[PDB]
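Listed next as structure tokens: two forms of one protein chain, kept apart as structure 1 and structure 2.
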Structure 1
């Protein structure tokens, strides 16, 4: 990993010692990026609904993961499921139980710094993983990228700014998350978002990873080439909001 400060450095070091799982995968990859493209052609708003109990910058939420997942299954293009333990109060078991309960694509949301974490995601039933440009050296980023690919996963590669983007494009990310959040400082910046979206080639599947709040905004971004939308905290508080966003 790169040089990091504060909680991010702590979560990286901790992630390096994450115990691997020996579960076996009992179902093919249902590709997230391909379903998003499917939804785009049928003109269905593609939302990746996120299950997140806790985070350093947000509010704690206790709720039944299975009820949440089964509800979202009706509406979302996929699910994002936090497996980071210390800061996000996630679990491998939650992902495992969720993935066996639904048949839409699942994305494991964690801090992936070693190969066996990608083994965990596959073995647990996840269909893809997120990789952070910020936490990995460019070399680590590309090795884990291809490691993901060897399982048949196209990873969501997260960028926050143009420095991250130059890297993601150089190495040929086909599936990119434009996040308004810098993980290290925890600062949120939505104004760079559209400028960044404008710089991505039309062949990459683009995810807007921010608190999208209304249909008008979704329609605008959609005209700008955003393919899908990752929504977490607002759905964690009021799940049925997803219905109004899609109509």
Structure 2
């Protein structure tokens, strides 16, 4: 990984030492990016419901993961399942129960810094992973995209700024997540995100996460070409809000 400072460095250290998993996957890769494209065809607002009990931003909730995934199976374009343990309270069991029970696309959200972690997603039943430009070297990014591509997964590559975009495009990314939050500091900038989004080739599938709770915020973002929306906190707190966001 890159040399990092502070909480991010700590989590990348946790992550290098994370025990891998052994399981045979008993389900297909259901492609998150294609389904998002499919919901653009039908003009259905395409929302990735995130399941996370905790965030470094101070969310701290208990709720049943299986009931949540099931409720979201009906309206979500896919699910994002936090598996990082220390800062998000996630776990691989959560992903495994979640993947066993629904048949919409599932993304594994963690801090992937080694191949066995992508192996962990596949064996647990996730259909794709998030990669962070910001914690990987360019050679690690490229080869971890190649490695996820080899289980037939198109990874979601997170960019926070323009230098991230240049590295992402160069390494071949076609599925890009644009974060308003910078993870190393927790600097939130929604104007920086808007600029960044206009620079992305028309040919990449674009996912946006702010801290989205409002329908107008989704609408603005769609106008700029954003294909799908990663929404966590507000749906952790009121799942049924999803209905009003999809309408």
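Only the largest set of C-alpha atoms that superpose within 1.5 Å between the two forms is called the rigid core. Positions refer to the first chain, counted from 1.
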### Query
Among 60, 214, 38, 64, which is the residue that shifts its C-alpha 2 Å or more between structure 1 and structure 2, core superposed?
214
### Query
In Å, how large is the CA movement of residue 223 between structure 1 and structure 2 relative to the superposed rigid core?
2.2
### Summary
Aligning on the rigid core, one finds that residue 84 shifts at its CA between structure 1 and structure 2, in Å, by 0.3
### Message
What does the CA of residue 24 shift by between structure 1 and structure 2 after fitting on the core? Give it in Å to one decimal.
### Response
1.2
